[PDB]
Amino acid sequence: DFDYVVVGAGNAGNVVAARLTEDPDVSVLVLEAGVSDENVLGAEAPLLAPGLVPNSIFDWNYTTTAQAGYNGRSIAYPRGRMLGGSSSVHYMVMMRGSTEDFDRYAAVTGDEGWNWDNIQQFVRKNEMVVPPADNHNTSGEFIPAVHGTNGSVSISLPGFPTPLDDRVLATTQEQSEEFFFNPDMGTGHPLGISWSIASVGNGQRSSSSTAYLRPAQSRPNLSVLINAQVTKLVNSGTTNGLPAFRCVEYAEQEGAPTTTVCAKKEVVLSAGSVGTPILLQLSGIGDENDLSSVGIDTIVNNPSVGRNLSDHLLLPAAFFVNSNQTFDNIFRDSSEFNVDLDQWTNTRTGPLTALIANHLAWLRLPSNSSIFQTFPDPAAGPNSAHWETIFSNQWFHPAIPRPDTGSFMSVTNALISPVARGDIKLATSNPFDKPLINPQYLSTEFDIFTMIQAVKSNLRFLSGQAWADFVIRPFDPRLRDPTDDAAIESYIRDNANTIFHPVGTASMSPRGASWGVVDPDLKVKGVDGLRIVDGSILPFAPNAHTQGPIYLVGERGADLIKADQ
């Protein structure tokens, strides 16, 4: 039987599986609940990514509980269910976080092996810069020296231009005090306006399955099983005086018989920030009171399981624009779509290689803001962001379909440094029931205050000379007036959503410590033979879309595992 069992063939899981099997005497079994990622056009052509989830066979079909912060709205909580995990359904944006993110991870765990300097080696293992699809000149769009040249995942600058690009660039000159240009987020200094970098190579998605699993497919010491949902982690004895969890039960679907397998060395949980805590709770690792309320016997009492959930909340906003070059008609007119698809199929170029956004702004509140009377600074540090602003050459709104008429650009914000914390809990002891996902969005004055400020910032940005002949008006009339705080707050509470970056539900913390679920080496506290390598270990929201930091967790996790062999 196998040396390791990896639960979840996801963003991080695939790194662990591929890295461990580099050694021919180490065998790994990967168990993935979902289907194959092969022959999924929507998971290959970059521009088609937003259609893939939430309501589909490639999604877990999770939702949140009703959010009082959102006027009682419950929202979709998409999560990839397939080879590659969420890296097969994500929007491919790549950055690693701020130096302050990783230094805070090191400080909070007492482990300097996290920390900005010591993590850089894994950027180089993880990524290689390849040409953008349109083969444009990337000089001055990034800094080659801070990025990998040889690593597994293909990354590139935007493969298709938009009419937004020159106008965003002009705004960095015209409004340089607020919206200065940033040469590369890979410096660990996120603030300012940078060109998007994305996990796209030869005009198609570079996911954790394409980058790690596929090249490793002919290895006899690696097995990958799809349609295999792990339903229980099995207490398989007592090694080192602690309960051991080296066996798992899995099934194809609800009501199907369960297969048992055991790892000789360790079970690695890579089920992600939703999947990991819920499986733990189903296995009797969690909050005693919550477990017994649903009929589960607690084997390891740890109330941190599924707590300390952070996410980046999302705010969408569309604006009518005077342009015939937005991407909107690709999704309305079959002739245009089919011309673009033929070009993508034959040459791997054209509009289908385009990203959700070619530029991103990372921004702080003024250091003298009224909110700092009542709150300490929740940012990772003085060089980190409070919010993000994303510029898209089309309609983008997770909860409202694209209008039949109109050309649009969208300005999407993410709250990067929330004060709010949430939790993930079991509604029942049945592994095929949906969990209760309660992020507690907009439940603090800080979080709503910052979002009101973000909107005012967006409107300053778009009032610039570069936009004069382009932006017509906001889709929603509550965005007509920058001084109307009541209208702005109403807009936010009715439109806010999620940008799909949950972390923290199995937080790392120092060995033997207060709260947390895992040690700094990612071993589960109070258990032997169980390791967590995914987004759930990160104790704070980073200054980054989460694929980049999660890949670093995956690469270091693999080295941590090899060190105990």
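Residue numbers here begin at 1 and follow the sequence given.
Per-stretch averaging of Cα B factors for 386-394 and 321-329 places 321-329 on top. Judged by mean Cα B factor in the deposited record, 166-174 ranks above the other of 166-174 and 204-212.
Going by the entry's values, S463 shows the largest Cα B-factor out of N495, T187, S463, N126.
Highest C-alpha temperature factor among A76, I296, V130, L315, as the PDB entry reports it: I296.
Ranked by Cα temperature factor within the chain, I561 sits in the highest third according to the deposited record. Ranked against the other modelled residues of its chain, the C-alpha B-factor of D528 as given in the entry falls in the highest third. In this PDB entry, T505 carries a Cα temperature factor that places it within the middle third of its chain's modelled residues. The PDB entry assigns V53 a C-alpha temperature factor belonging to the middle third of its chain's modelled residues. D521: CA B factor lies in the middle third for its chain, per the PDB record.
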